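Undergrad:
In the deposited numbering, the protein residues as written are -6 to 160.
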(Lines of atoms letter the chains of each structure in order from A and count residues from 1; the text may use other names and numbers.)
(Lines give C-alpha, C1' and ligand atoms only; values in the text may rest on other atoms or scores of the structure.)
Protein backbone atom coordinates (compact mmCIF):
# COMPACT_ATOMS: atom_id res chain seq x y z
CA UNK A 1 0.00 0.00 0.00
CA UNK A 2 2.81 2.39 0.92
CA UNK A 3 5.86 0.24 0.17
CA UNK A 4 7.82 0.80 -3.05
CA UNK A 5 7.89 -1.33 -6.20
CA UNK A 6 11.45 -2.51 -6.82
CA UNK A 7 14.85 -0.83 -7.21
CA UNK A 8 16.87 -0.48 -4.01
CA UNK A 9 14.64 -2.34 -1.58
CA UNK A 10 12.04 -0.26 0.25
CA UNK A 11 13.19 1.06 3.63
CA UNK A 12 10.07 -0.29 5.31
CA UNK A 13 10.54 -3.73 3.77
CA UNK A 14 13.95 -4.22 5.39
CA UNK A 15 12.82 -2.67 8.68
CA UNK A 16 9.89 -5.09 8.86
CA UNK A 17 12.03 -8.06 7.86
CA UNK A 18 14.50 -7.36 10.67
CA UNK A 19 12.02 -6.01 13.22
CA UNK A 20 9.72 -8.98 12.66
CA UNK A 21 12.62 -11.44 12.53
CA UNK A 22 13.98 -10.23 15.87
CA UNK A 23 10.55 -10.08 17.51
CA UNK A 24 9.96 -13.60 16.20
CA UNK A 25 12.73 -14.89 18.47
CA UNK A 26 11.81 -12.67 21.42
CA UNK A 27 10.18 -14.21 24.49
CA UNK A 28 8.03 -11.07 24.64
CA UNK A 29 6.41 -12.32 21.43
CA UNK A 30 6.75 -16.09 21.84
CA UNK A 31 5.26 -15.94 25.34
CA UNK A 32 2.22 -13.88 24.32
CA UNK A 33 1.81 -15.73 21.02
CA UNK A 34 1.98 -19.17 22.64
CA UNK A 35 -0.33 -17.93 25.41
CA UNK A 36 -3.01 -17.32 22.78
CA UNK A 37 -4.62 -14.44 24.72
CA UNK A 38 -6.85 -12.39 22.42
CA UNK A 39 -6.86 -9.51 19.94
CA UNK A 40 -8.46 -7.47 22.72
CA UNK A 41 -5.48 -7.58 25.08
CA UNK A 42 -2.94 -7.90 22.27
CA UNK A 43 -3.95 -4.48 20.95
CA UNK A 44 -3.59 -2.90 24.39
CA UNK A 45 -0.18 -4.51 24.86
CA UNK A 46 1.23 -3.36 21.53
CA UNK A 47 -0.15 0.14 22.06
CA UNK A 48 1.69 0.40 25.38
CA UNK A 49 5.03 -0.37 23.75
CA UNK A 50 4.28 1.82 20.74
CA UNK A 51 3.59 4.86 22.93
CA UNK A 52 6.84 4.41 24.87
CA UNK A 53 8.88 3.66 21.75
CA UNK A 54 7.56 6.71 19.89
CA UNK A 55 7.76 8.84 23.02
CA UNK A 56 11.42 7.93 23.51
CA UNK A 57 12.16 8.82 19.89
CA UNK A 58 10.53 12.24 20.21
CA UNK A 59 8.09 11.16 17.51
CA UNK A 60 5.36 13.65 16.62
CA UNK A 61 2.12 12.93 18.49
CA UNK A 62 0.21 13.22 15.23
CA UNK A 63 2.08 10.38 13.54
CA UNK A 64 2.39 8.45 16.80
CA UNK A 65 -1.40 8.54 17.07
CA UNK A 66 -2.13 7.10 13.63
CA UNK A 67 0.68 4.55 13.97
CA UNK A 68 -1.03 3.04 17.01
CA UNK A 69 -4.45 3.00 15.34
CA UNK A 70 -3.04 1.07 12.37
CA UNK A 71 -0.71 -1.24 14.29
CA UNK A 72 -3.66 -2.17 16.50
CA UNK A 73 -5.82 -2.95 13.46
CA UNK A 74 -3.28 -5.35 11.96
CA UNK A 75 -2.68 -6.99 15.34
CA UNK A 76 -6.43 -7.24 15.92
CA UNK A 77 -6.77 -8.99 12.56
CA UNK A 78 -4.24 -11.78 13.10
CA UNK A 79 -6.52 -13.15 15.82
CA UNK A 80 -5.32 -15.25 18.79
CA UNK A 81 -3.56 -18.58 18.31
CA UNK A 82 -1.08 -17.23 15.78
CA UNK A 83 2.71 -17.55 15.91
CA UNK A 84 4.80 -14.56 17.07
CA UNK A 85 5.91 -14.13 13.46
CA UNK A 86 2.56 -12.77 12.27
CA UNK A 87 2.09 -10.60 15.36
CA UNK A 88 5.51 -8.97 15.00
CA UNK A 89 4.84 -8.38 11.31
CA UNK A 90 1.39 -6.90 11.98
CA UNK A 91 3.16 -4.39 14.23
CA UNK A 92 6.13 -3.59 11.99
CA UNK A 93 4.27 -3.42 8.68
CA UNK A 94 1.91 -0.62 9.77
CA UNK A 95 4.80 0.91 11.71
CA UNK A 96 7.30 1.20 8.86
CA UNK A 97 4.66 2.42 6.41
CA UNK A 98 3.80 5.28 8.76
CA UNK A 99 7.34 5.81 10.04
CA UNK A 100 8.58 6.23 6.47
CA UNK A 101 5.61 8.34 5.38
CA UNK A 102 6.24 10.70 8.30
CA UNK A 103 9.99 10.69 7.76
CA UNK A 104 10.40 9.38 11.30
CA UNK A 105 12.75 6.81 9.77
CA UNK A 106 15.26 7.22 6.94
CA UNK A 107 18.32 5.51 5.47
CA UNK A 108 20.59 6.40 8.39
CA UNK A 109 18.48 6.43 11.56
CA UNK A 110 16.33 3.41 10.70
CA UNK A 111 18.84 1.27 12.60
CA UNK A 112 18.76 3.59 15.61
CA UNK A 113 14.98 4.01 15.71
CA UNK A 114 14.48 0.30 15.08
CA UNK A 115 16.67 -0.55 18.07
CA UNK A 116 15.14 2.04 20.40
CA UNK A 117 11.55 1.49 19.26
CA UNK A 118 11.87 -2.28 19.67
CA UNK A 119 13.85 -1.87 22.89
CA UNK A 120 11.07 0.21 24.46
CA UNK A 121 8.25 -1.62 22.68
CA UNK A 122 9.47 -5.06 23.76
CA UNK A 123 10.04 -3.85 27.31
CA UNK A 124 6.63 -2.21 27.65
CA UNK A 125 4.89 -5.01 25.74
CA UNK A 126 6.15 -7.51 28.31
CA UNK A 127 5.10 -5.31 31.24
CA UNK A 128 1.52 -5.19 29.95
CA UNK A 129 1.53 -8.88 29.02
CA UNK A 130 2.08 -9.71 32.69
CA UNK A 131 -1.31 -8.21 33.50
CA UNK A 132 -2.74 -10.52 30.84
CA UNK A 133 -1.53 -13.77 32.41
CA UNK A 134 1.65 -13.31 30.37
CA UNK A 135 4.31 -12.45 32.96
CA UNK A 136 7.93 -12.24 31.81
CA UNK A 137 11.15 -12.26 33.87
CA UNK A 138 13.44 -9.25 33.53
CA UNK A 139 16.16 -11.79 32.74
CA UNK A 140 14.33 -12.72 29.54
CA UNK A 141 13.14 -9.24 28.56
CA UNK A 142 16.67 -7.86 28.82
CA UNK A 143 17.81 -10.46 26.29
CA UNK A 144 15.05 -9.41 23.89
CA UNK A 145 16.14 -5.77 24.03
CA UNK A 146 19.81 -6.62 23.48
CA UNK A 147 18.90 -9.03 20.68
CA UNK A 148 16.68 -6.62 18.75
CA UNK A 149 19.23 -3.84 19.27
CA UNK A 150 22.17 -5.95 18.12
CA UNK A 151 20.31 -6.75 14.90
CA UNK A 152 19.89 -3.06 14.06
CA UNK A 153 23.44 -2.24 15.17
CA UNK A 154 24.50 -4.07 12.01
CA UNK A 155 21.57 -3.15 9.77
CA UNK A 156 22.64 -2.04 6.30
CA UNK A 157 20.04 -0.95 3.74
CA UNK A 158 20.92 -2.61 0.43
CA UNK A 159 19.96 0.41 -1.66
CA UNK A 160 22.02 1.24 -4.75
CA UNK A 161 20.43 4.67 -5.16
CA UNK A 162 21.53 6.10 -1.81
CA UNK A 163 23.38 9.26 -2.85
CA UNK A 164 22.86 12.21 -0.52
CA UNK A 165 24.83 14.53 -2.80
CA UNK A 166 28.37 14.11 -1.50
CA UNK A 167 31.39 14.08 -3.79
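Note that beta-carbon positions come from the ideal geometry of N, C-alpha and C, so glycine has one too.
Between residue 39 and residue 91, is the Cβ-Cβ spacing less than 8 Å?
TA: no
Undergrad: Taking 7 Å as the line, does the beta carbon of residue 87 fall inside it for any heavy atom of the ligand MN?
TA: In the structure on display, the ligand MN does not appear, and there are no ligands present to speak of.
Undergrad: Counting Cβ pairs, one atom from each stretch, are 3 or more of them under 8 Å apart for the stretch 42 to 51 and the stretch 126 to 142?
TA: At 8 Å Cβ cutoff, the stretches do not touch.
Undergrad: Could you give the DSSP three-state label for residue 154: helix, strand or coil?
TA: coil
Undergrad: So, helix, strand or coil for residue 130, using DSSP?
TA: Residue state, collapsed to three classes: coil.
Undergrad: Take every Cβ of the stretch 105 to 124, pair it with every Cβ of the stretch 25 to 39, and state whether three or more of those distances are shorter than 8 Å.
TA: yes
Undergrad: Sorted by chain position, which residues of the same chain lie with C-beta nearer than 6 Å to residue 125's C-beta, five sequence neighbours on each side aside?
TA: 30, 34
Undergrad: Give me the Cα-Cα distance between residue 129 and residue 20, rounded to the nearest whole angstrom.
TA: Rounded to the nearest angstrom, the two C-alpha atoms are 8 Å apart.
Undergrad: Please state the DSSP three-state secondary structure of residue 120.
TA: helix
Undergrad: Do the stretch 47 to 66 and the stretch 140 to 147 meet, that is, are 3 or more Cβ pairs less than 8 Å apart?
TA: no
Undergrad: Please report the straight-line C-alpha distance between residue 28 and residue 5, rounded to a whole angstrom.
TA: 29 Å
Undergrad: Would you check if there are 3 or more beta carbon pairs closer than 8 Å linking the stretch 58 to 73 to the stretch -1 to 14?
TA: no
Undergrad: Going by alpha carbons, who is nearest to residue 123 out of 11, 47, 151, 22?
TA: 22
Undergrad: Leaving out five residues on either side along the sequence, give the residues of the same chain with a beta carbon under 6 Å from the beta carbon of residue 95.
TA: 56
Undergrad: When the distance is taken between beta carbons, is residue 111 closer than 8 Å to residue 47?
TA: No, Cβ-Cβ distance for residue 47 and residue 111 is not below 8 Å.
Undergrad: So the alpha helix (DSSP H) residue 91 belongs to, where does it begin and stop?
TA: Counting along the chain, the alpha helix (DSSP H) containing residue 91 begins and ends at 77 to 94.
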